[PDB]
Structure formats: C-alpha cells, structure tokens
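Participant: Protein chains in written order, with the authors' numbering: chain g, 2 to 319; chain D, 3 to 225; chain U, 15 to 68, 78 to 121; chain R, 2 to 68; chain Q, 3 to 143; chain T, 2 to 144.
For every residue, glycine included, the Cβ atom is placed at its ideal position computed from N, Cα and C.
Have a look at this one.
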Amino acid sequence: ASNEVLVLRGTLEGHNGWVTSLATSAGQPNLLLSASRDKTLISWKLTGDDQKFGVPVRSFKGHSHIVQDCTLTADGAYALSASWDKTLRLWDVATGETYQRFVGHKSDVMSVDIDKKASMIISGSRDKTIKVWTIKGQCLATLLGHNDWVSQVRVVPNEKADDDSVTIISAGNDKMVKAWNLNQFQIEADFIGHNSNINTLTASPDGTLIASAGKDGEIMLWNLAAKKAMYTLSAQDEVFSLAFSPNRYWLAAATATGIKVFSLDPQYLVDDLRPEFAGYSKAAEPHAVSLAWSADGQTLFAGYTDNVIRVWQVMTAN
Amino acid sequence: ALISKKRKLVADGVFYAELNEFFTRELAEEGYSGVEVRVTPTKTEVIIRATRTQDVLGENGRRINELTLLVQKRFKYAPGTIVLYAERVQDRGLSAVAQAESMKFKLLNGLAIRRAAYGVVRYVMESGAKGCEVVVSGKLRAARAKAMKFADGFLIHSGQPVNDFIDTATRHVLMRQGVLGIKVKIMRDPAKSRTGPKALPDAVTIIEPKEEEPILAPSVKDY
Amino acid sequence: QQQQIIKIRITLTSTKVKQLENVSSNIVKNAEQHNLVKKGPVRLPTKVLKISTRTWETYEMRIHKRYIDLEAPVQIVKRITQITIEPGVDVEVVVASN
Amino acid sequence: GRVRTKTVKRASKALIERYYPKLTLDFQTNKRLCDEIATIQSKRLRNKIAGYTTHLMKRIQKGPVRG
Amino acid sequence: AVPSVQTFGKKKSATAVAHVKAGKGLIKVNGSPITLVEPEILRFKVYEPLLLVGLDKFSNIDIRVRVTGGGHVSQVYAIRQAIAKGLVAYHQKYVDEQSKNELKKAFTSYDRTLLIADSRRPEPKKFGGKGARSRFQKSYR
Amino acid sequence: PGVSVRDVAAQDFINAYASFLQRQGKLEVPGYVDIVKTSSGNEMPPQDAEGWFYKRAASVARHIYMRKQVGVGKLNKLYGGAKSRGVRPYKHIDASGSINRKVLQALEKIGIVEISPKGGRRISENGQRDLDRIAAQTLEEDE
RNA sequence: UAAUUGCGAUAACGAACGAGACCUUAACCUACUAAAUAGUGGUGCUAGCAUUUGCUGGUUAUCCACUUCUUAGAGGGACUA
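So, in structure tokens, the structure goes:
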C-alpha cells in the first residue's frame, strides 16, 4: 500500500517534436522550460488547470536542429539550451533573446547543466567530450576520456557549500560514469559496471549519490560523496531520463514504456506511471524521454515520445 | 587588357586549347601527357608534363628555346612572358595518354596486334592500376574495318565515377591501309586517388566491433 | 619611411571555388594575422551563362567573382600579391575606391 | 516506389549481425550512429541504409527475421 | 525602434518584403493602402487574413509591404503570405506563443498559402518541343 | 489625415487631373493634336478628339510623382503597346517620342515637372503640390 | 519495381558491368559569413499633403546599425520517416 502516489493532473500541447528535456524553476514555480525535437523550445506559464496545466508563452526559434537538453537556473530567467546543431543558447525564458551562443562542440550537444550557484555551465555531447562554459561564451574546460558519447553531464548540487570541488558527473556510452573534479579538470571517480550503455545519470539533491542507467535498465546507485558503489535498481526497460526528487528519495525513471517512480529510502517502487494509451500498440507505447520532479518534487513533469508533456501531482491516500 | 571577364575566360580557354592541341601534335614522340598554364609575376609557365623531356630540353639551350620562340612569335608574347618548363611525368604505365601513344608507336613499329597490346595492359596493371582498357580499331588487310579490345583489372562505365577514376584517350594511328582509333581507358586505383574519393560511391564499410567487456560488477576506481 | 595607407581593392575571380576561395580566405587570414582591415569577401553573383549547341544540345557556365578590400600598407600588399601564386585564379590589384 | 536493393538490405543486415544494440528503431539516432559507424559515401544512401535499419530493427523488436 | 518583426512572402516569382512594426495601423502596398491594389477582384483575397482572427490586430502594428516582381496575382498571393507570416511572427516574438497558436488556428483552418512555402515553380523546357512535356508536331512523315 | 497621390487610386485621379488641366488651359497641345497617332504601337487616332493630351499629361504627372525620374524614351516604352503585325503575332515598340516629349515640355512649362539630373524628369515642388492637392480633391469628391 | 530493383522460393558459393550509387538542378534555411557591385530600417537634409503625432517623396554617401527578404558558399534537411 501507500500514503501518497502520483496522479495525472494534466497535459500540455504546443509541441510537434519529442519533448527531449524539461526544466523546473524554483524562482517561479509556474514556469516550464521545454526543449523539444522540433528545433525550438517552448516556455510555458503553468496555470495548474486539470485539462491545460499551463499555456504556451514562447517558442525559442533559433536552434537549427533537434534540441536535446534544456536546464533552468533555479530562478527561471535563464534558458540554457543544448541542441543537435552543435549549439548551446542562453535564451531569456520570457523574451526569447539568445544572450550567448556556446559553439565548440564537435557533435550534438546532448547535455546542459549549470551549478546551483548558476554560474558554471557544463555540457556533454555526441563528440564524447565535456565542455564547461561561462555564461558569456568561454569554453573553459574540455574533459576527455569517454570511449563513446558523453550522454549527460550534471553539476552535483554540492553538499558542503560547494566544498572546493565543483564536481560534475558524466554518463558515457562506454558504460562508465565519470565524476569529474573541476579543480584540475581531471578524473575524480570511475563508476563502471553497466551492461548496455548509460543514457542518463542523476545526483541526489545533496550531491551524494549517482543513479545512472541506459538501455539495460540497470540504475546503478553510487555513493558519489564517498565515490564508491552502493547498489542497482533495475527498471527492465531502456532508461532515458533520471531525477531524484528535491525533497524526497523518489527516483522517477523514464523507461522505454513510461515512468517507473521508485523510492530509495525505503527501497520500493512507488508507482508505474504508464498512462493508458488508446490506439497505441505494445512496443508503440509513448514513453518519457524526459522527466523532472518539481521545485518541491510535488508535480512530475514528463516529456514523452508522443510530443506531450504530462504532469503528475502527488495525491495523498484517501 | 580591356577585356570583358566572360570574353577573358573564354579566350583563356581558347589559349589552353591551342596549348593542348599544338603540344599534342608537337611532342607526341616525347610522350606528351599534358600542358598546364601558370601565370605568376614576370613569368607565364607552360609545363610540359611528358615522358621524355630530355628530348624537350635540348642541347645546352635548344628546342625548348625554339618552342618558346614559336609560341612567342605566334602569340606576340614578349621573351619571358612565355616560359615553357618540361617535367618527367610519373609512372607512365598509369598514363592512358602515354600508353595510347605507345599503342600508336607499336602499331607504327609494325609490331603485333594482341601480344604487345596485352603486354602494355599487363604493364599498366604492374603499375598498380585498378583497371585498364586498350581499343584498336580501323582497317588493316580487310576492306571491312574491325576492332579489338584489351582489358584487365576492373572498370566502371557510367556516372561521376567515370568523371573520377578513368582516363580515356583516342589516338588516330595512321597506317598504310587505314587510320586507327586507339582508346586507352585506365581505371586508376581509387586507393591511390589522393584528390577526392578513395573508393567507389558504392562503398559501405561496416566495422566489426569488438570482443566486448560485459557487466564487470561495479568495480569502482576512485581518482 | 614606407607603408602608407593606399587602400587596395583586390578583385578575385576564377572558375573553381576551391582554388578561388582558398586564395580568397588566404588573402583574408594572411591579411588579418598581421591585423589588416578587410571588407571580408563580397560575393558577386556567379555567371549564369548558357550555350545552345547542335538532335539538340546545351552547355552552361562558372564566373566566380568577389572583392576583398584591404585598406593596407603597400609593403604587405606587395608581399600578399607576390606570395600564394596558383593556377587558374585571376587576381586584380586595384587601388583606392574611385 | 521505394524498393531497396541487395546492398542496402545486406548492410542493414550486417549492422544487425554485429550491432543489434546501438541502432534501434529511432531513425534520427540511426542517422548519427551510421555517421559514427559506417563509411557510407553519400548522406542520401546513408539515410537509405539508416531507414532500412529503422525498418529491420523495427521488425526485430517484435520477432526474428530470416537469416 | 519599436517592437517589430520583418518577413517575406514568395509566389512564383513575385517577392514581398513586409515590415511589421509597432504603430497606429497602416497596411501599405508600395505607396498606398491594401485596399487600392487593383486586380480589384482579388482585393477580397488581400483582405483575407485580417478577417480570420478579427480585423483589429494591426492597431498595435503598422504593416509596410513592398513588392518586387511577378504578376499581380502572384503579387497579391506573395503579399498576403508576407503579411500573415509577419503577423504570426509578431504574435510569436512579442505577444505570447498561445496567441500565435490562435493565429495558427484561425489561419490553418482556412489556409490559403498565408504561411507555408509552396514548391511549384516553372519546370524546365526541353529541346524538341516548346515546353516541359509537349514535344514537336509531326506527321509520321 | 494627410494625402499623397500614391494614397489615391490612379485612374480616377487621372480622369480628374485631365479635367483639371482642361480647366487650367495651360496646355501646349502643339497643333498636330488628333491628326497624330500618339503612340507608334497603335493604329487609329484617339477617340475623344478634344483632349487625350490632358489624359496623358495626368498619367505622366502621377507616374513622375511615383518615380525618381523617367525619360522621353521611358514614356515611349510605357505608352507604346502591342501593335498587330497582321499575319504574324504581336511585339512591343516604343511610342511616338514627340507626343510624350511634348507632354514633358507642357508639364515643365506649367511647373508640374522639371528636367531631372541623372537624366529624366523629377516631379517639381509645384508638381507635387498640385498633384497631391487635386488628389485630395479627387478623394473628397468621392468622400 | 523505375530497374535480373530486389523480394522469395531454389545443384552451389562468392564475383563483375549496368541500374542503383555518383553529377547537377526547383524546393527550406529568421541559425554562420560578408556585402556604396545586393536589400533593410533609423538618421541627416528636405519636397508635397494634413497636421496632433503622420503619410508619401527624394539622397550610389548625410551618417549609424542589420543580413530577414537579394546574392552565393558551407553543410544540415528526406530516409518515402
């Protein structure tokens, strides 16, 4: 049983491509930055209504291929976007207006994250590099060592007031998570063990764990603060996006069939958010490739493979 | 000058045409393979890429003198506004022009029709070609004219690959019974292309991956 | 004393964009690596020309003409015009815009 | 119509034979992966091979195929 | 400088460049408002996108369109393409996205080449004939 | 609100301005009026026979407001047309240069046009004045 | 099928030409490069008409800014997804 579980609160529709990334703003909680496959980003002012959870307020026309990652600085004024035209763009979320282009990636930028400080912009790509940037365009680090594509990089929300280590954590398609220490721009931890590759990785919000998986579905949980190995959650499908909740230890897993929300402490599967798909077949099921817990971890935002952002508010039991 | 750039480029093409046809007629028994025209300050270099350029250089200042003089006095060129250089062409087995002239010569040598032809073809393949073809056609001893082909290696026939890797050369060897088209079409080695496509457009290479590393239970190395 | 501003307009015209734009970008980078001022290449439209020929037949044509303006001392203009000679490419070295 | 020759089927086939993971039925990543993995001489014929890998991986996701 | 976008509409060889700037509501065609065009049958067609989303819609944006090329039919189609593209560009870039989707709804439901690029063009003539398909005229000897 | 002759439709303005210069009486209708062809690309003499010159003066005046300049030959290229070649199809010919040139000289004499630099004819300040004024008249008679 | 293009049975198995593949064009580039030998606005200066702001001129330089329309280069884009 349970005393809380995720209930489908609403849907968004202004997209045409696969919503490949969502991003949550702690600044205004009614914001949804959305990176999508249709070469633009839709910023949404989230109204909260049952059928229309928000309204589409801007297209970010200006990326020239498939936009893969977007990250909000938690204030929600900066739209940091990664696309497959080898560009990163610092848009204004409510104006458009690319502030700064980041070019230097040799292939499709699959990742963008900024620090909790909102100063230091990392980006992973299909050229198996990691490029760390200022906000104003300076590619200041190029981390090498992955034998296949750096699928995602995320800045560790660092435990002890960013205790001299701006740790960033890469998932690579050479089946290795590499925690990088941006002090000397070198390797800090090799997290090996994956059976297929790693499409995605996520840190705990205190910056102590790593949950990382790919096609096999083996979400290897790591003690990133210890830089060693804890255990593995198996989700059995091709895992695409992972995120801890910012309040609790719920890992929402974007599988090849939908969403599996696990609890880490205590260890159980909370829910299997596959909304019923009428029409769609067995392998034809729309599945999230992006999903994020909210600024409070209350609503789970999810960009699926049917071009739809679906939202889930956690409802208490009755 | 006062030449329209349209007319300028057409006139430059006419000049390179007179270069190519004239130095074809001229240095054929030196195995003329080509001219190139390179104008620099104070020079205009017509380079005779050919097989036997020591017969072009001349006795301590000769016929290259006389050839620059011929070009000079026809084209109203000042001495030094026409400069001919010569150059020993590399690997004339791979040269359809030079082997077509060799076919012209060996027909005018009164040599064989097929033995020497497949010997030339053999010699092209000993130069590391990807293919080669020799056509001899005309009338000898039969009023009805006839044709013989001599091929080895591998040849493509259509497309931009024709525009990439084959050289075809038609050469009228004039014999006492009739006149004979030589056509040497050498498919050059695409591995030796060096200025473009290294293989066919048909080429797809699938890399055979790895003996992979399976699971390797976490095995964390710390750095 | 030498090296006076004499405002060179270089017209670059050829029939193959590889050699033409190699020498064009070489003019550009060779100029800007000792910090000249260019009007970075202005691409005049290519000329389209057609040739009807006789069971009929048709050819065409490609005049690629550009101008890079190096408002430059005469020293490195003379250097950049003596160096990087190439078959096929016409360089026209004209002077201050009049 | 769009009928595929022996070589496109053969290349997609061998890409299954040694690469069943890395190439599944999403065409847009099969694009990038065939860029990563094969020396296909034109973007067109790469997209043709990538579309038939889309077709073949797509029909191996629901059962085996001859050969 | 005002809140403004700039677009263009293209029919067969008539090109139309449109400046959607913020102003008091002009919709001008080369020296003259949109009502003076003459064709004078096709004026209703150059009325069309205004009338699909409510006519007002330009009281915040002056529209100045210039025309080069083509013929008057291709001219009117090019300028109405340019005006509707500019209208959805202004309601994209300055007004919010769902307003641009309301414009997309009210246009797309009616759609008459207001937005999308049509790919049909005069297709080459061949020797042995006068046109793109038709040959010469013969008599079997 | 403000007016221009670009702000007015052309045809009704040209009718009103033909009648206006008819009222004016500043004509220069040299003396070979209606015995003339007025355009080499036509056959018959014009139909009204008292005027056609004010019509053409109105057309030239508004066409010169809307343009930087046009010449004598430009007005020949304009008011020329397709004359039938009979047994053969049609072809465009420059008009009678005298007629259009005399329209230019007529509008120059009144100060409706002025000989332009670069060649051609610019609209004069009195030309812009009188054209926009009776263009406002042509709108306010249809208000 | 457009194709001995293939599928798909099938005393073979791997080959070759050709087709395909490649060359080039009408398409999209609101992302890159620039352009007084292409366009944009503003600004100077100013003609006319209404003025309450404005509209329309003109100006191969009165200057400033842009490359969206124009150019022509790059690739991407399409593989019937």
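Tell me the DSSP secondary structure of residue 118/U in three-state form.
Facilitator: coil
Participant: Suppose contacts are defined by Cβ-Cβ distances below 7 Å. Is residue 33/D in contact with residue 13/D by that definition?
Facilitator: no
Participant: Could you check whether the Cβ of residue 172/g sits closer than 7 Å to any Cβ belonging to chain R?
Facilitator: no
Participant: Take every Cβ of the region 132-140 of chain T, pair it with every Cβ of the region 41-52 of chain T, and state whether three or more of those distances are shorter than 8 Å.
Facilitator: no
Participant: When DSSP labels each residue in this structure, what does residue 43/U get in the three-state scheme?
Facilitator: For residue 43/U, the three-state secondary structure derived from DSSP is helix.
Participant: Quick one: is residue 227/g buried, meaning 16 or more other Cβ sit within 10 Å of its Cβ, or exposed?
Facilitator: exposed
Participant: Considering only DSSP beta bridges, list what residue 232/g is partnered with.
Facilitator: BP columns for residue 232/g point to 222/g.
Participant: Residue range of the alpha helix (DSSP H) that residue 8/R falls in?
Facilitator: 7-20
Participant: Between the alpha carbons of residue 95/U and residue 41/D, how many angstroms are there, rounded?
Facilitator: 25 Å
Participant: Anything in the region 215-246 of chain g with a Cβ closer than 7 Å to a Cβ of chain D? List those residues in chain order, please.
Facilitator: Listed in sequence order: 221, 228, 229 and 230.
Participant: Using the Cβ count rule (16 or more neighbours within 10 Å means buried), how would you classify residue 189/g?
Facilitator: buried
Participant: What's the gap between the Cα of residue 36/D and the Cα of residue 24/D?
Facilitator: Rounded to the nearest angstrom, the two C-alpha atoms are 11 Å apart.
Participant: Beta-carbon within less than 6 Å of residue 147/g's beta-carbon, same chain only, minus the 5 sequence neighbours each way: which residues are those?
Facilitator: 129, 173 and 175
Participant: Just the C-alpha distance for residue 33/Q and residue 67/T, rounded to the nearest angstrom, thanks.
Facilitator: Annotation: residue 33/Q to residue 67/T spans about 8 Å, alpha carbon to alpha carbon.
Participant: Can you confirm whether residue 1/Q, when its beta carbon is compared against all beta carbons of chain T, has any partner nearer than 7 Å?
Facilitator: Residue 1/Q lies beyond the stretch modelled for chain Q, which goes from 3 to 143, so this question has no answer here.
Participant: What residues from chain Q crowd round residue 5/T, counting only those whose CB sits closer than 9 Å?
Facilitator: 33 and 34
Participant: Can you tell me the Cα-Cα spacing of residue 72/Q and residue 80/Q, whole angstroms?
Facilitator: 9 Å
Participant: Between residue 38/Q and chain T, is the shortest Cβ-Cβ distance under 7 Å, so that the two count as touching?
Facilitator: yes
Participant: With 7 Å set as the bound, which would you pick, yes or no: does the beta-carbon of residue 50/Q sit closer than that to a beta-carbon of chain g?
Facilitator: no
Participant: Would you kindly report the start and end of the unbroken alpha helix (DSSP H) that includes residue 120/D?
Facilitator: 117-128
Participant: Could you spell out the range, first to last residue, of the beta strand (DSSP E) harbouring residue 90/g?
Facilitator: 88-93
Participant: To the nearest angstrom, report how far apart residue 100/T and residue 137/T are at their CA atoms.
Facilitator: 28 Å
Participant: Could you give the distance in angstroms between the alpha-carbon of residue 12/g and the alpha-carbon of residue 34/g?
Facilitator: 15 Å
Participant: Residue 189/D: buried (16+ other C-beta within 10 angstroms of its C-beta) or exposed?
Facilitator: buried
Participant: What runs of the beta strand (DSSP E), each 3 residues or longer, lie entirely inside the region 244-310 of chain g?
Facilitator: 251-255, 260-264, 269-274, 289-294 and 300-305
Participant: Please report the straight-line C-alpha distance between residue 302/g and residue 55/g, rounded to a whole angstrom.
Facilitator: If you take the alpha carbons of residue 302/g and residue 55/g, they lie about 12 Å apart.
Participant: Are residue 83/D and residue 46/D touching if we call contact CB-CB under 7 Å?
Facilitator: yes
Participant: Could you give the distance in angstroms between the alpha-carbon of residue 23/g and the alpha-carbon of residue 91/g?
Facilitator: 15 Å
Participant: With a threshold of 8 Å, are at least 3 pairs of Cβ atoms found where one atom belongs to the region 85-95 of chain D and the other to the region 65-73 of chain D?
Facilitator: The answer is yes - the region 65-73 of chain D touches the region 85-95 of chain D, with three or more Cβ pairs under 8 Å.
Participant: Is the Cβ-Cβ distance between residue 51/R and residue 32/R less than 7 Å?
Facilitator: yes
Participant: Can you name the residues of chain D whose CB is closer than 8 Å to the CB of residue 47/U?
Facilitator: Those within 8 Å of residue 47/U in chain D number zero; the least Cβ separation is about 22 Å.
Participant: So, using beta-carbon positions, are residue 110/g and residue 291/g closer together than 7 Å?
Facilitator: Not closer than 7 Å, so no.
Participant: Counting along the chain, where does the beta strand (DSSP E) carrying residue 46/g start and finish?
Facilitator: 42-46
Participant: Cβ atoms of residue 171/g and residue 131/g: under 7 Å apart, would you say?
Facilitator: yes
Participant: Measuring CB to CB, does residue 83/Q end up less than 7 Å from residue 110/Q?
Facilitator: No, the Cβ-Cβ distance between residue 83/Q and residue 110/Q is not below 7 Å.
Participant: Considering only the alpha carbon of each residue, which of 203/D, 147/D and 124/D lies closest to residue 161/D?
Facilitator: 203/D
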